[PDB]
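Here the structure is laid out as structure tokens; the discussion comes afterwards.
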Amino acid sequence: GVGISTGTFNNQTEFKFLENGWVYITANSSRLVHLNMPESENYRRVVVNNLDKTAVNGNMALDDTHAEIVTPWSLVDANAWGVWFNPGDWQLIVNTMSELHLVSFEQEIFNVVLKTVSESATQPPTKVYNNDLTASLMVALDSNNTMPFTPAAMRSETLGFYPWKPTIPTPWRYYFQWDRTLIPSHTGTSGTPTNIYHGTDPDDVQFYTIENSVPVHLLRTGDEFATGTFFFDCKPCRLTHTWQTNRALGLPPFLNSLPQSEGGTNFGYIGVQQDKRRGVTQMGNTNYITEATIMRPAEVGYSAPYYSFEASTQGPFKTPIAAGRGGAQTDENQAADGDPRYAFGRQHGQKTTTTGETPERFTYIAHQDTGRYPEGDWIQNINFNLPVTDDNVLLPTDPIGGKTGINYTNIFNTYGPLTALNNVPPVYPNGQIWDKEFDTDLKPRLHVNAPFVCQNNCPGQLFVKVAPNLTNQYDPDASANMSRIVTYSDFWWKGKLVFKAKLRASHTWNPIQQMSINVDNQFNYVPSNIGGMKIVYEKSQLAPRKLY
Amino acid sequence: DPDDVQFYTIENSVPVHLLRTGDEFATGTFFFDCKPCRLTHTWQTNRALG
């Protein structure tokens with residue numbers, strides 16, 4: 001009814017401990033959601049073309065040209081770690097667990113309130129907020145995944161990360177097809193490179209509408225909507241990282257001389273001359289068995305062309321890579337291609353009491369050592385005469401195409417049948433949790449954005465919208481915009497996300513890395529004297545494991 | 001890198017059997033799950049297909 005509540009607030013995280021070292025993690029999330037009525041009730045096909053920016057030679061990487069359908073609907077997206085876990089729960093998970101399973105997800109909308117705004121004619125402005133007990137809220141759940149999948153984590157537009165802070169949903173839009181050509185250039189290129197928006201292919205037009213594809217429920221102040229529990233079919237996510245590169249696989253060489261004293265100046269020695277050694281190499285025309293040349297079971301990681309931009313029908317885009325740079329852990333200033341960089345706002349971690357549009361940002365330097373250090377690679381001739389001469393080696397310091405700032409490693413690819421690599425780690429709090437699997441016939445081995453990828457399906461997207469609230473003057477044949485009563489809705493959203501995790505076991509003599517509170521980071525986890533909050537990023541794969 | 005340190009000891013991880021002259025140790029049978037290995041070679045390159 002009007003005065004009877006329809007749900008309960010719940011933002012607890014439960015850890016139910018099962019048998020055999022498995023724990024059942026239930027993450028409850030409750031938010032207050034604020035929804036204004038849409039700017040227009042119509043679907044728009046809007047094109048963006050930043051010709052002014054890309055007209056400058058050398059700015060081709062700044063292309064923003066695209067076509068999208070702007071919809072009158074809003075998307076309630078809870079696909080982010082911060083939506084479900086506070087830093088304490090994350091500390092518990094990433095310190096005490098070894099792997100994580102995504103089990104189930106359900107959500108509901110309850111305690112719907114629809115209000116209208118009226119403004120007086122008094123010379124000093126003044127407005128009064130009133131209830132409309134008979135207005136309705138339009139709620140659509142796309143359980144069959146008919147609409148384009150638009151995870152809001154990519155744009156930092158999920159629900160907020162604080163239970164005590166009200167949140168807003170993101171206006172929903174999806175991509176419309178377009179053909180675009182952009183010929184690259186550089187500062188000093190003469191003429192105008194071809195920079196043209198070609199329009200849309202009729203063969204690819206897909207105009208989706210919520211009304212035609214999803215059942216829509218009209219919720220009044222006494223109604224509630226529950227989605228039901230959806231169960232995932234995803235692979236487990238490891239909460240441990242690998243440290244072993246190819247150089248640390250297998251049996252080390254036997255040391256025939258060992259140090260007799262402590263100190264860094266006292267090393268051990270193999271003793272056997274390098275060409276006289278025993279072992280197996282994949283170099284059939286050399287007798288040198290060294291740590292670099294000895295054969296290994298397979299390859300860990302792969303070189304990829306970095307900051308490579310590929311063009312297709314829709315224009316240029318960056319070639320994605322599955323691993324971060326080498327040596328970035330020692331020096332963050334060297335973090336580059338492959339290290340995901342997150343920009344977010346006051347709803348998602350930025351200090352809630354800052355001023356200005358500048359976002360908060362961090363680059364995630366994962367603990368897994370699966371990357372490459374291209375400044376240390378080289379190619380040399382098959383003859384393999386050592387020391388190698390100038391003409392017989394291609395160093396990263398050598399130019400390609402006459403460019404003094406491009407070397408062979410920029411265009412280099414060593415992905416092969418022998419490559420082994422890990423899934424992306426969970427990035428807390430701004431990282432996406434699950435992703436939908438591509439509908440290609442041949443599918444990618446992993447997604448760079450979410451650690452969980454949905455094989456068959458995963459939960460339908462939840463769309464909300466304030467039902468039209470018309471005045472007495474509505475005329476459907478009038479060309480101008482609709483005349484509506486200024487209406488907005490506040491409703492309560494509750495979600496339940498269920499995980500299954502395995503408690504870790506101490507395998508080594510030494511203690512592993514753990515997350516802790518310390519004097520430097522202490523104030524990152526408590527409110528300021530004027531109510532300000534922030535959620536800094538936490539690494540997930542703290543503990544090591546043996547690759548081989 | 002401290003996050004990668006892994007010091008293993010046999011005494012802390014494996015049961016250890018002390019054997020005297022009159023003792024013996026059998027491991028039991030382990031059964032594999034590997035794929036078959038072919039004792040034949042292929043000769044066709046792309047130029048000899050079809």
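Here's how to read the names in the structure tokens: chain A, B, ... by the order shown, residue numbers from 1 in each chain, ligand numbers from 1 in the order shown.
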
Would you write out, as a Markdown table, a table of all residues in chain A that have an atom no more than 10 Å from an atom of chain B, listing for each the closest atom pair and the distance in Å to one decimal, considering only C-alpha atoms and ordering rows by chain and rising residue number?
| residue | atom | partner | partner_atom | distance |
| --- | --- | --- | --- | --- |
| A:241 | CA | B:4 | CA | 8.5 |
| A:242 | CA | B:4 | CA | 7.8 |
| A:243 | CA | B:4 | CA | 5.7 |
| A:244 | CA | B:4 | CA | 8.7 |
| A:329 | CA | B:1 | CA | 9.2 |
| A:330 | CA | B:1 | CA | 9.0 |
| A:367 | CA | B:3 | CA | 7.8 |
| A:368 | CA | B:4 | CA | 9.3 |
| A:369 | CA | B:4 | CA | 9.4 |
| A:506 | CA | B:13 | CA | 9.7 |
| A:507 | CA | B:13 | CA | 7.1 |
| A:508 | CA | B:8 | CA | 5.0 |
| A:509 | CA | B:7 | CA | 5.7 |
| A:510 | CA | B:7 | CA | 6.1 |
| A:511 | CA | B:5 | CA | 8.6 |
| A:512 | CA | B:3 | CA | 6.7 |
| A:513 | CA | B:3 | CA | 5.3 |
| A:514 | CA | B:3 | CA | 8.8 |
| A:541 | CA | B:3 | CA | 10.0 |
| A:542 | CA | B:3 | CA | 7.1 |
| A:543 | CA | B:3 | CA | 7.1 |
| A:544 | CA | B:4 | CA | 5.8 |
| A:545 | CA | B:6 | CA | 8.4 |
| A:546 | CA | B:6 | CA | 8.5 |

Give me, as a PDB file with C-alpha atoms, in the first residue's frame, all polymer residues having an atom no more than 10 Å from residue 183 in chain A, counting only C-alpha atoms and skipping those fewer than 2 positions away in the same chain.
ATOM      1  CA  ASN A  57      48.101  16.443 -37.788  1.00  0.00           C
ATOM      2  CA  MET A  60      44.632  10.734 -34.822  1.00  0.00           C
ATOM      3  CA  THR A 181      38.241   6.712 -42.300  1.00  0.00           C
ATOM      4  CA  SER A 185      49.856  11.856 -39.921  1.00  0.00           C
ATOM      5  CA  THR A 192      45.137  17.255 -45.087  1.00  0.00           C
ATOM      6  CA  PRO A 193      45.033  13.496 -44.406  1.00  0.00           C
ATOM      7  CA  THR A 194      41.728  11.902 -45.331  1.00  0.00           C
ATOM      8  CA  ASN A 195      39.520  12.553 -42.286  1.00  0.00           C
ATOM      9  CA  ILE A 196      35.954  11.759 -43.351  1.00  0.00           C
ATOM     10  CA  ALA A 311      41.869   0.752 -38.126  1.00  0.00           C
ATOM     11  CA  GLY A 315      38.201   4.018 -37.305  1.00  0.00           C
ATOM     12  CA  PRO A 316      41.370   3.526 -35.286  1.00  0.00           C
TER      13      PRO A 316
END

query: What is the distance between CA of residue 50 in chain A and CA of residue 70 in chain A, in Å to one decimal?
result: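 Between these atoms lies a distance of 18.2 Å.
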
query: So which residues of range 132-220 of chain A fall under alpha helix (DSSP H) by DSSP, listed as a list in words?
result: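 DSSP-assigned alpha helix (DSSP H) residues in range 132-220 of chain A: residues 210, 211, 212 and 213 of chain A.
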
Long-range neighbours of range 450-463 of chain A as a JSON list (two decimals) with N, CA, C and O atoms, in the first residue's frame, 8 Å cut-off, only C-alpha atoms, 2 positions minimum in chain:
[["chain", "number", "residue", "atom", "x", "y", "z"],
["A", 73, "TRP", "N", 15.91, 5.95, -21.37],
["A", 73, "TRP", "CA", 15.99, 5.04, -20.24],
["A", 73, "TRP", "C", 17.31, 5.22, -19.50],
["A", 73, "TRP", "O", 18.27, 5.79, -20.02],
["A", 74, "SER", "N", 17.33, 4.72, -18.27],
["A", 74, "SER", "CA", 18.52, 4.74, -17.42],
["A", 74, "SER", "C", 18.86, 3.32, -16.99],
["A", 74, "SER", "O", 17.98, 2.46, -16.86],
["A", 75, "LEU", "N", 20.15, 3.08, -16.77],
["A", 75, "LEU", "CA", 20.68, 1.75, -16.52],
["A", 75, "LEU", "C", 21.16, 1.67, -15.07],
["A", 75, "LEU", "O", 21.95, 2.51, -14.63],
["A", 76, "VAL", "N", 20.68, 0.66, -14.34],
["A", 76, "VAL", "CA", 21.10, 0.43, -12.97],
["A", 76, "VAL", "C", 22.16, -0.66, -13.01],
["A", 76, "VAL", "O", 21.85, -1.85, -13.05],
["A", 77, "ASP", "N", 23.43, -0.25, -13.00],
["A", 77, "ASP", "CA", 24.56, -1.17, -13.16],
["A", 77, "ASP", "C", 25.29, -1.29, -11.83],
["A", 77, "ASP", "O", 25.77, -0.30, -11.28],
["A", 102, "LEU", "N", 32.35, -17.13, -8.85],
["A", 102, "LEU", "CA", 31.17, -16.29, -8.97],
["A", 102, "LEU", "C", 29.95, -17.20, -9.09],
["A", 102, "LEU", "O", 29.80, -17.92, -10.08],
["A", 105, "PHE", "N", 23.64, -13.98, -8.54],
["A", 105, "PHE", "CA", 23.34, -12.56, -8.45],
["A", 105, "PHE", "C", 21.84, -12.36, -8.52],
["A", 105, "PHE", "O", 21.17, -12.92, -9.39],
["A", 139, "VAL", "N", 10.09, -0.07, -15.02],
["A", 139, "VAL", "CA", 11.22, -0.95, -14.74],
["A", 139, "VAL", "C", 11.20, -2.09, -15.74],
["A", 139, "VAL", "O", 10.20, -2.80, -15.87],
["A", 140, "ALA", "N", 12.31, -2.25, -16.47],
["A", 140, "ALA", "CA", 12.44, -3.29, -17.47],
["A", 140, "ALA", "C", 13.70, -4.10, -17.20],
["A", 140, "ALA", "O", 14.77, -3.53, -16.98],
["A", 141, "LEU", "N", 13.56, -5.42, -17.19],
["A", 141, "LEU", "CA", 14.68, -6.34, -17.00],
["A", 141, "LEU", "C", 14.86, -7.15, -18.28],
["A", 141, "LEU", "O", 13.97, -7.91, -18.67],
["A", 142, "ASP", "N", 16.02, -6.99, -18.92],
["A", 142, "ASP", "CA", 16.32, -7.68, -20.18],
["A", 142, "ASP", "C", 16.96, -9.03, -19.88],
["A", 142, "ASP", "O", 18.14, -9.27, -20.12],
["A", 143, "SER", "N", 16.13, -9.94, -19.37],
["A", 143, "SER", "CA", 16.63, -11.25, -18.96],
["A", 143, "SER", "C", 17.18, -12.06, -20.12],
["A", 143, "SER", "O", 18.06, -12.90, -19.91],
["A", 144, "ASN", "N", 16.68, -11.84, -21.34],
["A", 144, "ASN", "CA", 17.11, -12.61, -22.50],
["A", 144, "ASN", "C", 18.29, -11.98, -23.23],
["A", 144, "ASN", "O", 18.71, -12.51, -24.26],
["A", 145, "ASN", "N", 18.82, -10.87, -22.72],
["A", 145, "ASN", "CA", 19.98, -10.22, -23.31],
["A", 145, "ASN", "C", 19.72, -9.86, -24.77],
["A", 145, "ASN", "O", 20.49, -10.18, -25.68],
["A", 149, "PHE", "N", 25.06, -5.08, -24.73],
["A", 149, "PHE", "CA", 25.66, -5.12, -23.40],
["A", 149, "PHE", "C", 26.54, -3.89, -23.22],
["A", 149, "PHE", "O", 27.48, -3.66, -23.99],
["A", 230, "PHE", "N", 20.00, -15.23, -10.54],
["A", 230, "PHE", "CA", 20.70, -15.75, -11.70],
["A", 230, "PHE", "C", 21.98, -16.42, -11.25],
["A", 230, "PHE", "O", 22.71, -15.87, -10.41],
["A", 231, "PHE", "N", 22.27, -17.58, -11.82],
["A", 231, "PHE", "CA", 23.44, -18.37, -11.46],
["A", 231, "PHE", "C", 24.47, -18.31, -12.58],
["A", 231, "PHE", "O", 24.13, -18.48, -13.75],
["A", 232, "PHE", "N", 25.72, -18.06, -12.21],
["A", 232, "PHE", "CA", 26.80, -17.91, -13.17],
["A", 232, "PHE", "C", 27.40, -19.26, -13.54],
["A", 232, "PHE", "O", 27.27, -20.25, -12.82],
["A", 233, "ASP", "N", 28.08, -19.28, -14.69],
["A", 233, "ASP", "CA", 28.83, -20.43, -15.16],
["A", 233, "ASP", "C", 30.28, -20.09, -15.46],
["A", 233, "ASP", "O", 30.84, -20.58, -16.44],
["A", 234, "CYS", "N", 30.91, -19.26, -14.63],
["A", 234, "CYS", "CA", 32.22, -18.71, -14.95],
["A", 234, "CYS", "C", 33.34, -19.57, -14.38],
["A", 234, "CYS", "O", 33.13, -20.39, -13.48],
["A", 235, "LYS", "N", 34.53, -19.38, -14.92],
["A", 235, "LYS", "CA", 35.71, -20.07, -14.41],
["A", 235, "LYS", "C", 36.19, -19.41, -13.13],
["A", 235, "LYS", "O", 35.95, -18.22, -12.91],
["A", 236, "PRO", "N", 36.87, -20.15, -12.26],
["A", 236, "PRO", "CA", 37.37, -19.55, -11.02],
["A", 236, "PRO", "C", 38.43, -18.50, -11.28],
["A", 236, "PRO", "O", 39.18, -18.55, -12.26],
["A", 237, "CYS", "N", 38.49, -17.52, -10.37],
["A", 237, "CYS", "CA", 39.49, -16.47, -10.41],
["A", 237, "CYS", "C", 40.51, -16.72, -9.31],
["A", 237, "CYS", "O", 40.15, -16.93, -8.15],
["A", 423, "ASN", "N", 44.85, -14.80, -16.37],
["A", 423, "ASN", "CA", 43.73, -13.89, -16.45],
["A", 423, "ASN", "C", 44.06, -12.59, -15.73],
["A", 423, "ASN", "O", 44.97, -12.53, -14.90],
["A", 424, "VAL", "N", 43.31, -11.54, -16.05],
["A", 424, "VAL", "CA", 43.53, -10.24, -15.43],
["A", 424, "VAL", "C", 43.14, -10.32, -13.96],
["A", 424, "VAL", "O", 42.20, -11.05, -13.61],
["A", 425, "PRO", "N", 43.82, -9.61, -13.06],
["A", 425, "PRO", "CA", 43.44, -9.67, -11.65],
["A", 425, "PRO", "C", 42.25, -8.77, -11.37],
["A", 425, "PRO", "O", 42.02, -7.79, -12.10],
["A", 426, "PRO", "N", 41.47, -9.07, -10.34],
["A", 426, "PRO", "CA", 40.42, -8.13, -9.93],
["A", 426, "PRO", "C", 41.00, -6.82, -9.44],
["A", 426, "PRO", "O", 41.86, -6.79, -8.55],
["A", 431, "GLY", "N", 37.15, -1.85, -10.61],
["A", 431, "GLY", "CA", 37.16, -2.86, -11.64],
["A", 431, "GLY", "C", 35.81, -3.51, -11.83],
["A", 431, "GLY", "O", 35.00, -3.63, -10.91],
["A", 432, "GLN", "N", 35.57, -3.93, -13.07],
["A", 432, "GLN", "CA", 34.38, -4.70, -13.41],
["A", 432, "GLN", "C", 34.51, -6.12, -12.89],
["A", 432, "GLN", "O", 35.61, -6.68, -12.82],
["A", 433, "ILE", "N", 33.37, -6.71, -12.52],
["A", 433, "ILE", "CA", 33.38, -8.06, -11.95],
["A", 433, "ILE", "C", 33.25, -9.09, -13.06],
["A", 433, "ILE", "O", 34.14, -9.92, -13.25],
["A", 434, "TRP", "N", 32.14, -9.05, -13.79],
["A", 434, "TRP", "CA", 31.86, -10.03, -14.83],
["A", 434, "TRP", "C", 31.64, -9.34, -16.16],
["A", 434, "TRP", "O", 31.25, -8.17, -16.23],
["A", 435, "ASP", "N", 31.88, -10.08, -17.24],
["A", 435, "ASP", "CA", 31.68, -9.59, -18.59],
["A", 435, "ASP", "C", 30.95, -10.65, -19.40],
["A", 435, "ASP", "O", 31.03, -11.84, -19.12],
["A", 436, "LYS", "N", 30.22, -10.18, -20.42],
["A", 436, "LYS", "CA", 29.53, -11.07, -21.33],
["A", 436, "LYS", "C", 30.47, -11.55, -22.43],
["A", 436, "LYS", "O", 31.30, -10.78, -22.92],
["A", 437, "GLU", "N", 30.34, -12.81, -22.80],
["A", 437, "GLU", "CA", 31.22, -13.39, -23.80],
["A", 437, "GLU", "C", 30.81, -12.94, -25.20],
["A", 437, "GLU", "O", 29.63, -12.87, -25.53],
["A", 446, "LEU", "N", 40.60, -14.54, -23.15],
["A", 446, "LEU", "CA", 40.30, -13.80, -21.93],
["A", 446, "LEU", "C", 39.80, -12.41, -22.29],
["A", 446, "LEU", "O", 39.94, -11.95, -23.42],
["A", 447, "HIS", "N", 39.20, -11.76, -21.30],
["A", 447, "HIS", "CA", 38.78, -10.37, -21.39],
["A", 447, "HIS", "C", 39.68, -9.52, -20.51],
["A", 447, "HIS", "O", 39.99, -9.90, -19.37],
["A", 448, "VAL", "N", 40.11, -8.37, -21.03],
["A", 448, "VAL", "CA", 41.05, -7.53, -20.30],
["A", 448, "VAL", "C", 40.39, -6.70, -19.22],
["A", 448, "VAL", "O", 41.09, -6.04, -18.44],
["A", 465, "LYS", "N", 12.94, 4.10, -15.61],
["A", 465, "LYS", "CA", 12.49, 5.31, -16.28],
["A", 465, "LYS", "C", 11.23, 5.82, -15.59],
["A", 465, "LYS", "O", 10.38, 5.03, -15.19]]

message: Applying 8 Å and only C-alpha atoms, which residues near residue 536 in chain A remain after dropping the ones on its own chain fewer than 2 positions away? List them as JSON, numbers by chain.
response: {"A": [349, 429, 524, 534, 538]}

field: residue 199 in chain A environment, 9 Å, only C-alpha atoms, sequence neighbours closer than 6 positions dropped, as a list in words
entry: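 Residues near the query, excluding close chain neighbours: residues 177, 178, 179 and 180 of chain A.
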
message: Run DSSP on the backbone and tell me which residues of range 29-90 of chain A come out as strand (DSSP E); list them as a PyMOL selection string.
response: chain A and resi 29-36+44-48+66-76

Using only C-alpha atoms, determine which residues lie at most 12 Å from residue 29 in chain A, disregarding the query and same-chain residues fewer than 2 positions distant; provide the list as an mmCIF file with N, CA, C and O atoms, in the first residue's frame.
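File result-v4.cif, as written:
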data_model
loop_
_atom_site.group_PDB
_atom_site.id
_atom_site.type_symbol
_atom_site.label_atom_id
_atom_site.label_comp_id
_atom_site.auth_asym_id
_atom_site.auth_seq_id
_atom_site.Cartn_x
_atom_site.Cartn_y
_atom_site.Cartn_z
ATOM 1 N N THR A 8 13.654 -4.264 2.694
ATOM 2 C CA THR A 8 14.521 -3.938 3.815
ATOM 3 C C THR A 8 15.916 -3.594 3.318
ATOM 4 O O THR A 8 16.405 -4.180 2.349
ATOM 5 N N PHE A 9 16.546 -2.638 3.992
ATOM 6 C CA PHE A 9 17.913 -2.256 3.672
ATOM 7 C C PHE A 9 18.885 -3.296 4.210
ATOM 8 O O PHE A 9 18.731 -3.794 5.328
ATOM 9 N N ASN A 10 19.895 -3.624 3.411
ATOM 10 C CA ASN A 10 20.871 -4.634 3.801
ATOM 11 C C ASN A 10 22.152 -4.412 3.016
ATOM 12 O O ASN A 10 22.158 -4.545 1.789
ATOM 13 N N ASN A 11 23.229 -4.075 3.722
ATOM 14 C CA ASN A 11 24.551 -3.941 3.129
ATOM 15 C C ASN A 11 25.581 -4.737 3.918
ATOM 16 O O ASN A 11 26.718 -4.291 4.094
ATOM 17 N N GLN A 12 25.197 -5.911 4.405
ATOM 18 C CA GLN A 12 26.115 -6.772 5.128
ATOM 19 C C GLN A 12 26.809 -7.740 4.182
ATOM 20 O O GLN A 12 26.290 -8.086 3.117
ATOM 21 N N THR A 13 27.996 -8.174 4.583
ATOM 22 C CA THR A 13 28.734 -9.225 3.898
ATOM 23 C C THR A 13 28.912 -10.384 4.866
ATOM 24 O O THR A 13 29.478 -10.210 5.950
ATOM 25 N N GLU A 14 28.429 -11.556 4.477
ATOM 26 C CA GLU A 14 28.457 -12.742 5.319
ATOM 27 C C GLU A 14 29.512 -13.706 4.801
ATOM 28 O O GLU A 14 29.698 -13.837 3.587
ATOM 29 N N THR A 26 28.484 -14.016 0.833
ATOM 30 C CA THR A 26 27.261 -13.363 0.378
ATOM 31 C C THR A 26 27.418 -11.865 0.598
ATOM 32 O O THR A 26 27.500 -11.408 1.742
ATOM 33 N N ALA A 27 27.457 -11.107 -0.492
ATOM 34 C CA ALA A 27 27.636 -9.662 -0.433
ATOM 35 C C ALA A 27 26.297 -8.993 -0.708
ATOM 36 O O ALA A 27 25.762 -9.087 -1.816
ATOM 37 N N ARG A 31 21.243 0.566 -1.900
ATOM 38 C CA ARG A 31 21.467 1.955 -2.267
ATOM 39 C C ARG A 31 20.133 2.681 -2.360
ATOM 40 O O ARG A 31 19.088 2.065 -2.572
ATOM 41 N N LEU A 32 20.184 3.998 -2.198
ATOM 42 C CA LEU A 32 19.067 4.867 -2.537
ATOM 43 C C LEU A 32 19.363 5.502 -3.888
ATOM 44 O O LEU A 32 20.402 6.150 -4.059
ATOM 45 N N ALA A 78 25.376 -2.520 -11.322
ATOM 46 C CA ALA A 78 26.093 -2.824 -10.093
ATOM 47 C C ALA A 78 27.317 -3.692 -10.336
ATOM 48 O O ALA A 78 27.713 -4.445 -9.443
ATOM 49 N N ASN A 79 27.921 -3.605 -11.517
ATOM 50 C CA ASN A 79 29.030 -4.476 -11.899
ATOM 51 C C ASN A 79 30.373 -3.807 -11.598
ATOM 52 O O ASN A 79 31.148 -3.456 -12.485
ATOM 53 N N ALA A 80 30.637 -3.631 -10.307
ATOM 54 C CA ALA A 80 31.903 -3.086 -9.846
ATOM 55 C C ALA A 80 32.156 -3.579 -8.430
ATOM 56 O O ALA A 80 31.226 -3.727 -7.635
ATOM 57 N N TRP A 81 33.430 -3.836 -8.123
ATOM 58 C CA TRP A 81 33.773 -4.436 -6.837
ATOM 59 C C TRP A 81 33.367 -3.534 -5.681
ATOM 60 O O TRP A 81 32.860 -4.014 -4.661
ATOM 61 N N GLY A 82 33.577 -2.226 -5.818
ATOM 62 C CA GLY A 82 33.236 -1.309 -4.749
ATOM 63 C C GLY A 82 31.763 -1.285 -4.414
ATOM 64 O O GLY A 82 31.387 -0.817 -3.336
ATOM 65 N N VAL A 83 30.913 -1.772 -5.318
ATOM 66 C CA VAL A 83 29.489 -1.824 -5.032
ATOM 67 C C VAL A 83 29.182 -2.846 -3.951
ATOM 68 O O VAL A 83 28.135 -2.759 -3.301
ATOM 69 N N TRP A 84 30.074 -3.805 -3.726
ATOM 70 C CA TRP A 84 29.779 -4.961 -2.896
ATOM 71 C C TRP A 84 30.683 -5.102 -1.683
ATOM 72 O O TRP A 84 30.261 -5.681 -0.681
ATOM 73 N N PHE A 85 31.911 -4.596 -1.737
ATOM 74 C CA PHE A 85 32.893 -4.835 -0.691
ATOM 75 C C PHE A 85 33.511 -3.532 -0.214
ATOM 76 O O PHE A 85 33.961 -2.713 -1.019
ATOM 77 N N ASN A 86 33.534 -3.353 1.101
ATOM 78 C CA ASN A 86 34.330 -2.311 1.722
ATOM 79 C C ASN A 86 35.761 -2.804 1.888
ATOM 80 O O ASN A 86 36.040 -3.997 1.749
ATOM 81 N N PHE A 105 23.637 -13.984 -8.540
ATOM 82 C CA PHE A 105 23.343 -12.563 -8.446
ATOM 83 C C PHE A 105 21.837 -12.355 -8.521
ATOM 84 O O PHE A 105 21.169 -12.923 -9.388
ATOM 85 N N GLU A 106 21.309 -11.549 -7.604
ATOM 86 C CA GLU A 106 19.916 -11.130 -7.649
ATOM 87 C C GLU A 106 19.818 -9.693 -7.164
ATOM 88 O O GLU A 106 20.663 -9.224 -6.398
ATOM 89 N N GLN A 107 18.778 -8.999 -7.614
ATOM 90 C CA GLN A 107 18.556 -7.616 -7.224
ATOM 91 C C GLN A 107 17.060 -7.344 -7.175
ATOM 92 O O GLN A 107 16.257 -8.084 -7.743
ATOM 93 N N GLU A 108 16.696 -6.275 -6.472
ATOM 94 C CA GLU A 108 15.299 -5.886 -6.361
ATOM 95 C C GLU A 108 15.203 -4.382 -6.167
ATOM 96 O O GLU A 108 16.154 -3.733 -5.728
ATOM 97 N N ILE A 109 14.039 -3.837 -6.509
ATOM 98 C CA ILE A 109 13.723 -2.427 -6.327
ATOM 99 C C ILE A 109 12.515 -2.343 -5.408
ATOM 100 O O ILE A 109 11.508 -3.022 -5.638
ATOM 101 N N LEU A 159 26.830 2.082 -9.908
ATOM 102 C CA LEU A 159 26.294 2.661 -8.687
ATOM 103 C C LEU A 159 27.429 3.028 -7.742
ATOM 104 O O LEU A 159 28.528 2.471 -7.806
ATOM 105 N N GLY A 160 27.156 3.979 -6.858
ATOM 106 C CA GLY A 160 28.170 4.438 -5.937
ATOM 107 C C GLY A 160 28.620 3.352 -4.982
ATOM 108 O O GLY A 160 27.995 2.302 -4.838
ATOM 109 N N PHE A 161 29.735 3.624 -4.311
ATOM 110 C CA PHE A 161 30.384 2.652 -3.444
ATOM 111 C C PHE A 161 30.089 2.866 -1.963
ATOM 112 O O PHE A 161 30.627 2.128 -1.134
ATOM 113 N N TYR A 162 29.263 3.849 -1.604
ATOM 114 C CA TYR A 162 28.949 4.113 -0.205
ATOM 115 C C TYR A 162 27.488 3.801 0.076
ATOM 116 O O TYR A 162 26.607 4.352 -0.601
ATOM 117 N N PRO A 163 27.178 2.938 1.046
ATOM 118 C CA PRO A 163 25.766 2.719 1.399
ATOM 119 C C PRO A 163 25.055 3.965 1.881
ATOM 120 O O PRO A 163 23.854 4.120 1.622
ATOM 121 N N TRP A 164 25.746 4.857 2.583
ATOM 122 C CA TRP A 164 25.104 6.023 3.168
ATOM 123 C C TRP A 164 25.032 7.208 2.218
ATOM 124 O O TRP A 164 24.526 8.265 2.612
ATOM 125 N N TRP A 492 14.618 2.437 -3.660
ATOM 126 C CA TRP A 492 15.667 1.694 -2.979
ATOM 127 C C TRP A 492 15.998 0.440 -3.769
ATOM 128 O O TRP A 492 15.100 -0.291 -4.196
ATOM 129 N N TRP A 493 17.288 0.204 -3.965
ATOM 130 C CA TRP A 493 17.788 -0.944 -4.704
ATOM 131 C C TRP A 493 18.572 -1.837 -3.757
ATOM 132 O O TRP A 493 19.445 -1.355 -3.029
ATOM 133 N N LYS A 494 18.259 -3.127 -3.762
ATOM 134 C CA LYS A 494 19.008 -4.117 -3.001
ATOM 135 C C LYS A 494 19.502 -5.202 -3.943
ATOM 136 O O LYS A 494 18.727 -5.744 -4.734
ATOM 137 N N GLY A 495 20.790 -5.516 -3.850
ATOM 138 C CA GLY A 495 21.396 -6.575 -4.633
ATOM 139 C C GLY A 495 22.086 -7.581 -3.735
ATOM 140 O O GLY A 495 22.582 -7.239 -2.662
ATOM 141 N N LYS A 496 22.114 -8.831 -4.184
ATOM 142 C CA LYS A 496 22.797 -9.907 -3.481
ATOM 143 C C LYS A 496 23.749 -10.577 -4.456
ATOM 144 O O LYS A 496 23.322 -11.068 -5.505
ATOM 145 N N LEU A 497 25.031 -10.595 -4.113
ATOM 146 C CA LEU A 497 26.061 -11.208 -4.939
ATOM 147 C C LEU A 497 26.747 -12.278 -4.110
ATOM 148 O O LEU A 497 27.263 -11.992 -3.025
ATOM 149 N N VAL A 498 26.746 -13.503 -4.616
ATOM 150 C CA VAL A 498 27.188 -14.672 -3.870
ATOM 151 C C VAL A 498 28.457 -15.206 -4.514
ATOM 152 O O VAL A 498 28.481 -15.488 -5.716
#
